[PDB]
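As provided, start_13.pdb (PDB, C-alpha atoms) reads as follows.
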```pdb
ATOM      1  CA  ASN M 175     -17.053  -5.767   8.099  1.00  0.00           C
ATOM      2  CA  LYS M 176     -17.671  -2.403   6.402  1.00  0.00           C
ATOM      3  CA  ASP M 177     -15.501   0.572   5.515  1.00  0.00           C
ATOM      4  CA  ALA M 178     -14.373   3.098   8.127  1.00  0.00           C
ATOM      5  CA  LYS M 179     -13.958   5.928   5.605  1.00  0.00           C
ATOM      6  CA  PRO M 180     -15.991   8.479   7.654  1.00  0.00           C
ATOM      7  CA  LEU M 181     -14.022   7.798  10.841  1.00  0.00           C
ATOM      8  CA  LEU M 182     -10.791   8.666   9.048  1.00  0.00           C
ATOM      9  CA  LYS M 183     -12.535  11.632   7.381  1.00  0.00           C
ATOM     10  CA  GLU M 184     -13.266  13.241  10.752  1.00  0.00           C
ATOM     11  CA  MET M 185      -9.862  12.003  11.968  1.00  0.00           C
ATOM     12  CA  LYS M 186      -8.113  13.993   9.238  1.00  0.00           C
ATOM     13  CA  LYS M 187     -10.499  16.934   9.696  1.00  0.00           C
ATOM     14  CA  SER M 188      -9.464  17.021  13.376  1.00  0.00           C
ATOM     15  CA  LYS M 189      -5.875  18.061  12.509  1.00  0.00           C
ATOM     16  CA  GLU M 190      -4.712  14.653  13.741  1.00  0.00           C
ATOM     17  CA  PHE M 191      -2.587  12.175  11.801  1.00  0.00           C
ATOM     18  CA  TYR M 192      -1.432   9.511  14.259  1.00  0.00           C
ATOM     19  CA  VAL M 193      -3.763   6.525  14.643  1.00  0.00           C
ATOM     20  CA  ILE M 194      -3.289   3.054  16.146  1.00  0.00           C
ATOM     21  CA  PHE M 195      -5.069   0.086  14.552  1.00  0.00           C
ATOM     22  CA  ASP M 196      -5.808  -2.663  17.073  1.00  0.00           C
ATOM     23  CA  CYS M 197      -7.073  -5.446  14.858  1.00  0.00           C
ATOM     24  CA  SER M 198      -6.836  -9.082  13.780  1.00  0.00           C
ATOM     25  CA  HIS M 199      -5.115 -10.428  10.673  1.00  0.00           C
ATOM     26  CA  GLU M 200      -8.326 -10.505   8.608  1.00  0.00           C
ATOM     27  CA  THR M 201      -9.298  -7.018   9.750  1.00  0.00           C
ATOM     28  CA  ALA M 202      -5.722  -5.780   9.282  1.00  0.00           C
ATOM     29  CA  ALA M 203      -5.693  -7.033   5.690  1.00  0.00           C
ATOM     30  CA  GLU M 204      -9.062  -5.530   4.820  1.00  0.00           C
ATOM     31  CA  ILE M 205      -8.315  -2.161   6.451  1.00  0.00           C
ATOM     32  CA  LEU M 206      -4.966  -1.946   4.656  1.00  0.00           C
ATOM     33  CA  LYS M 207      -6.607  -2.717   1.313  1.00  0.00           C
ATOM     34  CA  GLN M 208      -9.280  -0.086   1.990  1.00  0.00           C
ATOM     35  CA  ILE M 209      -6.786   2.614   3.001  1.00  0.00           C
ATOM     36  CA  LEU M 210      -4.665   1.905  -0.081  1.00  0.00           C
ATOM     37  CA  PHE M 211      -7.812   2.033  -2.230  1.00  0.00           C
ATOM     38  CA  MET M 212      -8.964   5.375  -0.819  1.00  0.00           C
ATOM     39  CA  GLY M 213      -5.583   7.024  -1.394  1.00  0.00           C
ATOM     40  CA  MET M 214      -3.994   7.229   2.059  1.00  0.00           C
ATOM     41  CA  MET M 215      -0.414   6.949   0.808  1.00  0.00           C
ATOM     42  CA  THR M 216       1.165  10.301   1.706  1.00  0.00           C
ATOM     43  CA  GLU M 217       3.754  11.432   4.257  1.00  0.00           C
ATOM     44  CA  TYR M 218       1.047  13.085   6.377  1.00  0.00           C
ATOM     45  CA  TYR M 219       0.088   9.845   8.167  1.00  0.00           C
ATOM     46  CA  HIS M 220       1.643   7.280  10.505  1.00  0.00           C
ATOM     47  CA  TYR M 221       0.001   3.898  11.121  1.00  0.00           C
ATOM     48  CA  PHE M 222       0.728   0.948  13.410  1.00  0.00           C
ATOM     49  CA  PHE M 223      -0.597  -2.613  13.674  1.00  0.00           C
ATOM     50  CA  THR M 224      -0.847  -4.567  16.922  1.00  0.00           C
ATOM     51  CA  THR M 225      -0.964  -7.821  14.935  1.00  0.00           C
ATOM     52  CA  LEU M 226       2.291  -9.769  15.115  1.00  0.00           C
ATOM     53  CA  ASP M 227       2.200 -11.104  11.530  1.00  0.00           C
ATOM     54  CA  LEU M 228       3.241  -8.473   8.995  1.00  0.00           C
ATOM     55  CA  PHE M 229       5.999 -10.476   7.316  1.00  0.00           C
ATOM     56  CA  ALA M 230       3.886 -13.533   6.428  1.00  0.00           C
ATOM     57  CA  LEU M 231       1.089 -11.280   5.109  1.00  0.00           C
ATOM     58  CA  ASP M 232       0.894  -9.504   1.748  1.00  0.00           C
ATOM     59  CA  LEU M 233       3.058  -6.430   2.384  1.00  0.00           C
ATOM     60  CA  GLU M 234       4.970  -4.757  -0.446  1.00  0.00           C
ATOM     61  CA  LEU M 235       7.654  -2.132   0.156  1.00  0.00           C
ATOM     62  CA  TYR M 236       7.277  -0.623  -3.336  1.00  0.00           C
ATOM     63  CA  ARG M 237       3.624   0.317  -2.834  1.00  0.00           C
ATOM     64  CA  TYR M 238       4.891   2.341   0.131  1.00  0.00           C
ATOM     65  CA  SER M 239       6.501   5.530  -1.146  1.00  0.00           C
ATOM     66  CA  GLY M 240       4.895   8.201   1.014  1.00  0.00           C
ATOM     67  CA  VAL M 241       3.250   6.443   3.943  1.00  0.00           C
ATOM     68  CA  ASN M 242       5.122   5.211   7.023  1.00  0.00           C
ATOM     69  CA  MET M 243       4.192   1.804   8.461  1.00  0.00           C
ATOM     70  CA  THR M 244       5.768   0.482  11.669  1.00  0.00           C
ATOM     71  CA  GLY M 245       5.014  -2.635  13.644  1.00  0.00           C
ATOM     72  CA  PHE M 246       5.881  -5.351  16.131  1.00  0.00           C
ATOM     73  CA  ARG M 247       7.429  -8.709  15.270  1.00  0.00           C
ATOM     74  CA  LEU M 248       7.338 -11.619  17.721  1.00  0.00           C
ATOM     75  CA  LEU M 249       9.696 -13.823  15.702  1.00  0.00           C
ATOM     76  CA  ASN M 250      13.488 -13.533  15.859  1.00  0.00           C
ATOM     77  CA  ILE M 251      15.739 -13.648  12.796  1.00  0.00           C
ATOM     78  CA  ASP M 252      19.461 -13.636  11.890  1.00  0.00           C
ATOM     79  CA  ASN M 253      19.597 -17.111  13.452  1.00  0.00           C
ATOM     80  CA  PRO M 254      20.882 -19.775  11.012  1.00  0.00           C
ATOM     81  CA  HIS M 255      18.620 -22.343  12.687  1.00  0.00           C
ATOM     82  CA  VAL M 256      15.544 -20.127  12.268  1.00  0.00           C
ATOM     83  CA  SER M 257      16.669 -19.558   8.687  1.00  0.00           C
ATOM     84  CA  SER M 258      16.990 -23.253   7.821  1.00  0.00           C
ATOM     85  CA  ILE M 259      13.556 -23.758   9.381  1.00  0.00           C
ATOM     86  CA  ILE M 260      12.100 -20.986   7.217  1.00  0.00           C
ATOM     87  CA  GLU M 261      13.465 -22.562   4.028  1.00  0.00           C
ATOM     88  CA  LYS M 262      11.987 -25.866   5.237  1.00  0.00           C
ATOM     89  CA  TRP M 263       8.598 -24.180   5.670  1.00  0.00           C
ATOM     90  CA  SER M 264       8.816 -22.586   2.225  1.00  0.00           C
ATOM     91  CA  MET M 265       9.807 -25.841   0.515  1.00  0.00           C
ATOM     92  CA  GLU M 266       7.016 -27.755   2.252  1.00  0.00           C
ATOM     93  CA  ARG M 267       4.481 -25.063   1.299  1.00  0.00           C
ATOM     94  CA  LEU M 268       5.398 -24.502  -2.355  1.00  0.00           C
ATOM     95  CA  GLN M 269       4.580 -27.984  -3.687  1.00  0.00           C
ATOM     96  CA  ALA M 270       1.308 -28.057  -1.739  1.00  0.00           C
ATOM     97  CA  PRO M 271      -1.944 -27.067  -3.481  1.00  0.00           C
ATOM     98  CA  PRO M 272      -2.160 -23.274  -3.791  1.00  0.00           C
ATOM     99  CA  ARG M 273      -4.001 -21.405  -1.057  1.00  0.00           C
ATOM    100  CA  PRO M 274      -6.128 -18.282  -1.640  1.00  0.00           C
ATOM    101  CA  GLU M 275      -4.346 -14.938  -1.317  1.00  0.00           C
ATOM    102  CA  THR M 276      -6.835 -13.021   0.847  1.00  0.00           C
ATOM    103  CA  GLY M 277      -4.278 -10.943   2.740  1.00  0.00           C
ATOM    104  CA  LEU M 278      -1.997 -13.807   3.747  1.00  0.00           C
ATOM    105  CA  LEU M 279       1.300 -15.039   2.287  1.00  0.00           C
ATOM    106  CA  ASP M 280       2.392 -18.674   2.413  1.00  0.00           C
ATOM    107  CA  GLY M 281       5.964 -19.894   2.744  1.00  0.00           C
ATOM    108  CA  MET M 282       6.705 -17.811   5.838  1.00  0.00           C
ATOM    109  CA  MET M 283       6.048 -18.600   9.496  1.00  0.00           C
ATOM    110  CA  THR M 284       2.893 -17.321  11.163  1.00  0.00           C
ATOM    111  CA  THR M 285       2.597 -16.763  14.904  1.00  0.00           C
ATOM    112  CA  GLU M 286       0.279 -19.632  15.842  1.00  0.00           C
ATOM    113  CA  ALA M 287       2.220 -22.180  13.789  1.00  0.00           C
ATOM    114  CA  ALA M 288       5.517 -21.095  15.370  1.00  0.00           C
ATOM    115  CA  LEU M 289       4.168 -21.171  18.925  1.00  0.00           C
TER     116      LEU M 289
ATOM    117  CA  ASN Y 175       6.772   5.356 -19.233  1.00  0.00           C
ATOM    118  CA  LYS Y 176       6.360   2.338 -16.934  1.00  0.00           C
ATOM    119  CA  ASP Y 177       9.027   3.845 -14.630  1.00  0.00           C
ATOM    120  CA  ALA Y 178       8.099   7.543 -14.775  1.00  0.00           C
ATOM    121  CA  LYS Y 179       8.290   7.868 -10.983  1.00  0.00           C
ATOM    122  CA  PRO Y 180      11.457  10.069 -11.022  1.00  0.00           C
ATOM    123  CA  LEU Y 181      10.211  12.978 -13.177  1.00  0.00           C
ATOM    124  CA  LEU Y 182       6.953  13.204 -11.265  1.00  0.00           C
ATOM    125  CA  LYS Y 183       8.732  12.937  -7.925  1.00  0.00           C
ATOM    126  CA  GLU Y 184      10.740  16.078  -8.658  1.00  0.00           C
ATOM    127  CA  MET Y 185       7.617  17.758 -10.074  1.00  0.00           C
ATOM    128  CA  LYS Y 186       5.898  17.083  -6.741  1.00  0.00           C
ATOM    129  CA  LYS Y 187       9.075  18.148  -4.917  1.00  0.00           C
ATOM    130  CA  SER Y 188       9.082  21.468  -6.792  1.00  0.00           C
ATOM    131  CA  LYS Y 189       5.445  21.916  -5.638  1.00  0.00           C
ATOM    132  CA  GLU Y 190       3.532  22.125  -8.909  1.00  0.00           C
ATOM    133  CA  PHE Y 191      -0.054  20.899  -8.831  1.00  0.00           C
ATOM    134  CA  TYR Y 192      -1.475  21.847 -12.230  1.00  0.00           C
ATOM    135  CA  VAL Y 193      -0.241  19.661 -15.094  1.00  0.00           C
ATOM    136  CA  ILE Y 194      -1.503  18.866 -18.594  1.00  0.00           C
ATOM    137  CA  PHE Y 195      -0.779  15.314 -19.770  1.00  0.00           C
ATOM    138  CA  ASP Y 196      -0.008  15.309 -23.484  1.00  0.00           C
ATOM    139  CA  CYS Y 197      -0.437  11.584 -24.007  1.00  0.00           C
ATOM    140  CA  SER Y 198      -1.657   8.859 -26.343  1.00  0.00           C
ATOM    141  CA  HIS Y 199      -4.327   6.287 -25.536  1.00  0.00           C
ATOM    142  CA  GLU Y 200      -1.539   3.741 -25.002  1.00  0.00           C
ATOM    143  CA  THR Y 201       0.219   5.945 -22.432  1.00  0.00           C
ATOM    144  CA  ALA Y 202      -2.956   6.775 -20.488  1.00  0.00           C
ATOM    145  CA  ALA Y 203      -3.256   3.095 -19.563  1.00  0.00           C
ATOM    146  CA  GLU Y 204      -0.061   3.047 -17.505  1.00  0.00           C
ATOM    147  CA  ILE Y 205      -0.144   6.636 -16.274  1.00  0.00           C
ATOM    148  CA  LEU Y 206      -3.566   6.106 -14.673  1.00  0.00           C
ATOM    149  CA  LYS Y 207      -1.972   3.362 -12.569  1.00  0.00           C
ATOM    150  CA  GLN Y 208       1.358   5.039 -11.775  1.00  0.00           C
ATOM    151  CA  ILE Y 209      -0.707   7.927 -10.399  1.00  0.00           C
ATOM    152  CA  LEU Y 210      -1.978   5.338  -7.923  1.00  0.00           C
ATOM    153  CA  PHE Y 211       1.444   3.775  -7.284  1.00  0.00           C
ATOM    154  CA  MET Y 212       3.590   6.755  -6.332  1.00  0.00           C
ATOM    155  CA  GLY Y 213       1.257   7.703  -3.478  1.00  0.00           C
ATOM    156  CA  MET Y 214       0.190  11.220  -4.490  1.00  0.00           C
ATOM    157  CA  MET Y 215      -3.590  11.308  -5.034  1.00  0.00           C
ATOM    158  CA  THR Y 216      -4.516  14.385  -3.016  1.00  0.00           C
ATOM    159  CA  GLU Y 217      -7.224  16.730  -4.267  1.00  0.00           C
ATOM    160  CA  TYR Y 218      -4.685  19.559  -4.632  1.00  0.00           C
ATOM    161  CA  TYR Y 219      -3.614  18.176  -8.009  1.00  0.00           C
ATOM    162  CA  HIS Y 220      -5.387  19.011 -11.272  1.00  0.00           C
ATOM    163  CA  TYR Y 221      -5.162  16.647 -14.231  1.00  0.00           C
ATOM    164  CA  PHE Y 222      -6.078  16.646 -17.918  1.00  0.00           C
ATOM    165  CA  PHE Y 223      -5.992  13.984 -20.632  1.00  0.00           C
ATOM    166  CA  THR Y 224      -5.503  15.030 -24.253  1.00  0.00           C
ATOM    167  CA  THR Y 225      -7.081  11.833 -25.601  1.00  0.00           C
ATOM    168  CA  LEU Y 226     -10.754  11.905 -26.580  1.00  0.00           C
ATOM    169  CA  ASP Y 227     -11.476   8.588 -24.836  1.00  0.00           C
ATOM    170  CA  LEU Y 228     -12.492   8.298 -21.191  1.00  0.00           C
ATOM    171  CA  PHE Y 229     -15.379   5.836 -21.491  1.00  0.00           C
ATOM    172  CA  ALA Y 230     -13.111   2.978 -22.619  1.00  0.00           C
ATOM    173  CA  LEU Y 231     -10.755   3.317 -19.632  1.00  0.00           C
ATOM    174  CA  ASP Y 232     -11.554   2.537 -16.016  1.00  0.00           C
TER     175      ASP Y 232
END
```

How does the structure come out when it is put into structure tokens?
Amino acid sequence: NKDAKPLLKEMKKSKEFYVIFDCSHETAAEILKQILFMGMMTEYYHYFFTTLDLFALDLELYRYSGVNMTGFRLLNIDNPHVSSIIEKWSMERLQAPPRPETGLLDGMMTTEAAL
Amino acid sequence: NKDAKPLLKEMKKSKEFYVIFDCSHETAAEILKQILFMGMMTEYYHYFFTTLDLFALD
């Protein structure tokens, strides 16, 4: 659980910009925080996560202004039933005691809970 | 100054790298964080603060 700053330093020195991050939710959160901290926010990179939860985790579209992030999403939306269920999840989460924000948002479905 | 993203986004679009920030100590506080927000932090840029204080700010 350390920083992979050298690996990306050679990766950028190798005239290569297109890297795939196979990782878990914890590791995904920590790597995203590290890459944002270092300054990897330009339009000369393209990143992808194999983790299926990227809508119930702390992702903000306004931090992204130069970098392109694309991903997979197991869940299906635009279903009124799935909607009503997601408001039920949010309303049952909000009154509950707050949970730490360590790279995980509450009020939205996660994969294991849904399955 | 909290929403200075437009001016700087055309300044980066016009490909200028060397800028002098005429600014007050109040303004430095938010500019040092917008420079993080917009997503341009490459070494090609060159920056200068007119204020005499750099040991009171992070």

(message) Give me, as a PyMOL selection string, the residues of chain M touching chain Y, with the criterion being at most 8 Å (counting all atoms listed in the file).
(response) chain M and resi 213-216+237-241

(request) Using all atoms listed in the file, pick whichever of M:197, M:225, M:179, M:192 has the shortest atom-to-atom distance to residue 212 (chain M). (result) M:179

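The space between CA of residue 220 (chain M) and CA of residue 194 (chain M) spans 8.6 Å.
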
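As for CA of residue 267 (chain M) and CA of residue 288 (chain M), they are spaced 14.7 Å apart.
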
(request) Using only C-alpha atoms, determine which residues lie at most 12 Å from residue 193 (chain Y), disregarding the query and same-chain residues fewer than 4 positions distant; provide the list as JSON, numbers by chain. (result) {"Y": [182, 185, 186, 189, 218, 219, 220, 221, 222, 223, 224]}

(request) List, as a VMD selection string, every residue that the PyMOL selection byres ((chain M and resi 229) around 12) selects in the file provided. (result) chain M and resid 199 225 to 228 230 to 235 244 to 251 277 to 285

Centre and edges of the region 217-233 of chain M box, axis-aligned, 5 Å extra per side, as lines of an AutoDock Vina configuration file:
```
center_x = 2.5
center_y = -0.2
center_z = 9.3
size_x = 17.0
size_y = 36.6
size_z = 25.2
```

(request) Enter the distance from CA of residue 226 (chain Y) to CA of residue 183 (chain Y), in Å, rounded to one decimal. (result) 27.0 Å

(request) Please write the residues picked by the PyMOL selection byres ((chain Y and resi 202) around 12) on this file as JSON, numbers by chain. (result) {"Y": [175, 176, 195, 196, 197, 198, 199, 200, 201, 203, 204, 205, 206, 207, 208, 209, 221, 222, 223, 224, 225, 226, 227, 228, 230, 231, 232]}

(request) Any chance you could resolve the PyMOL selection byres ((chain M and resi 205) around 12) against this file and give the residues as number ranges by chain? (result) M: 175-179, 182, 195-204, 206-212, 214, 221-223, 277

Incomplete region 244-270 of chain M filled out to N, CA and C atoms as a JSON list (two decimals), in the coordinates of the input:
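As written to disk, result_0.json reads:
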```
[["chain", "number", "residue", "atom", "x", "y", "z"],
["M", 244, "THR", "N", 4.88, 1.06, 10.67],
["M", 244, "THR", "CA", 5.77, 0.48, 11.67],
["M", 244, "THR", "C", 5.00, -0.56, 12.46],
["M", 245, "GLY", "N", 5.72, -1.54, 13.00],
["M", 245, "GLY", "CA", 5.01, -2.64, 13.64],
["M", 245, "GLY", "C", 5.88, -3.41, 14.61],
["M", 246, "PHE", "N", 5.24, -4.40, 15.23],
["M", 246, "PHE", "CA", 5.88, -5.35, 16.13],
["M", 246, "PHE", "C", 6.13, -6.66, 15.39],
["M", 247, "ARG", "N", 7.07, -7.45, 15.91],
["M", 247, "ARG", "CA", 7.43, -8.71, 15.27],
["M", 247, "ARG", "C", 7.90, -9.67, 16.35],
["M", 248, "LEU", "N", 7.05, -10.66, 16.66],
["M", 248, "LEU", "CA", 7.34, -11.62, 17.72],
["M", 248, "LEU", "C", 8.54, -12.48, 17.38],
["M", 249, "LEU", "N", 8.65, -12.90, 16.12],
["M", 249, "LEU", "CA", 9.70, -13.82, 15.70],
["M", 249, "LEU", "C", 11.07, -13.16, 15.83],
["M", 250, "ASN", "N", 12.11, -14.00, 15.84],
["M", 250, "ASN", "CA", 13.49, -13.53, 15.86],
["M", 250, "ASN", "C", 14.20, -14.10, 14.65],
["M", 251, "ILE", "N", 15.08, -13.29, 14.05],
["M", 251, "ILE", "CA", 15.74, -13.65, 12.80],
["M", 251, "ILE", "C", 17.24, -13.47, 12.99],
["M", 252, "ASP", "N", 18.00, -13.68, 11.91],
["M", 252, "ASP", "CA", 19.46, -13.64, 11.89],
["M", 252, "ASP", "C", 20.04, -14.86, 12.59],
["M", 253, "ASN", "N", 19.18, -15.83, 12.89],
["M", 253, "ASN", "CA", 19.60, -17.11, 13.45],
["M", 253, "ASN", "C", 19.66, -18.13, 12.32],
["M", 254, "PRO", "N", 20.82, -18.76, 12.08],
["M", 254, "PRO", "CA", 20.88, -19.77, 11.01],
["M", 254, "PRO", "C", 19.90, -20.92, 11.20],
["M", 255, "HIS", "N", 19.62, -21.30, 12.45],
["M", 255, "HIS", "CA", 18.62, -22.34, 12.69],
["M", 255, "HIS", "C", 17.24, -21.88, 12.25],
["M", 256, "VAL", "N", 16.83, -20.68, 12.67],
["M", 256, "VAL", "CA", 15.54, -20.13, 12.27],
["M", 256, "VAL", "C", 15.49, -19.99, 10.75],
["M", 257, "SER", "N", 16.60, -19.59, 10.14],
["M", 257, "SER", "CA", 16.67, -19.56, 8.69],
["M", 257, "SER", "C", 16.36, -20.93, 8.10],
["M", 258, "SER", "N", 17.18, -21.93, 8.42],
["M", 258, "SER", "CA", 16.99, -23.25, 7.82],
["M", 258, "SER", "C", 15.55, -23.73, 8.01],
["M", 259, "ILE", "N", 14.96, -23.43, 9.16],
["M", 259, "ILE", "CA", 13.56, -23.76, 9.38],
["M", 259, "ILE", "C", 12.66, -22.99, 8.41],
["M", 260, "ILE", "N", 12.99, -21.73, 8.10],
["M", 260, "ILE", "CA", 12.10, -20.99, 7.22],
["M", 260, "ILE", "C", 12.21, -21.50, 5.78],
["M", 261, "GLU", "N", 13.41, -21.89, 5.33],
["M", 261, "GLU", "CA", 13.46, -22.56, 4.03],
["M", 261, "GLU", "C", 12.73, -23.90, 4.05],
["M", 262, "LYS", "N", 12.78, -24.64, 5.16],
["M", 262, "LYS", "CA", 11.99, -25.87, 5.24],
["M", 262, "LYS", "C", 10.50, -25.58, 5.10],
["M", 263, "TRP", "N", 10.01, -24.54, 5.78],
["M", 263, "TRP", "CA", 8.60, -24.18, 5.67],
["M", 263, "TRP", "C", 8.25, -23.79, 4.24],
["M", 264, "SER", "N", 9.10, -23.00, 3.60],
["M", 264, "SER", "CA", 8.82, -22.59, 2.22],
["M", 264, "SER", "C", 8.79, -23.78, 1.28],
["M", 265, "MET", "N", 9.74, -24.71, 1.44],
["M", 265, "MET", "CA", 9.81, -25.84, 0.52],
["M", 265, "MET", "C", 8.66, -26.82, 0.76],
["M", 266, "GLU", "N", 8.18, -26.91, 2.00],
["M", 266, "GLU", "CA", 7.02, -27.76, 2.25],
["M", 266, "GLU", "C", 5.71, -27.08, 1.85],
["M", 267, "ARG", "N", 5.69, -25.75, 1.74],
["M", 267, "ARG", "CA", 4.48, -25.06, 1.30],
["M", 267, "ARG", "C", 4.36, -25.00, -0.22],
["M", 268, "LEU", "N", 5.48, -24.82, -0.93],
["M", 268, "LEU", "CA", 5.40, -24.50, -2.36],
["M", 268, "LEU", "C", 4.76, -25.63, -3.17],
["M", 269, "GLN", "N", 5.12, -26.89, -2.89],
["M", 269, "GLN", "CA", 4.58, -27.98, -3.69],
["M", 269, "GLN", "C", 3.13, -28.28, -3.33],
["M", 270, "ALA", "N", 2.67, -27.81, -2.17],
["M", 270, "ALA", "CA", 1.31, -28.06, -1.74],
["M", 270, "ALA", "C", 0.32, -27.32, -2.64]]
```
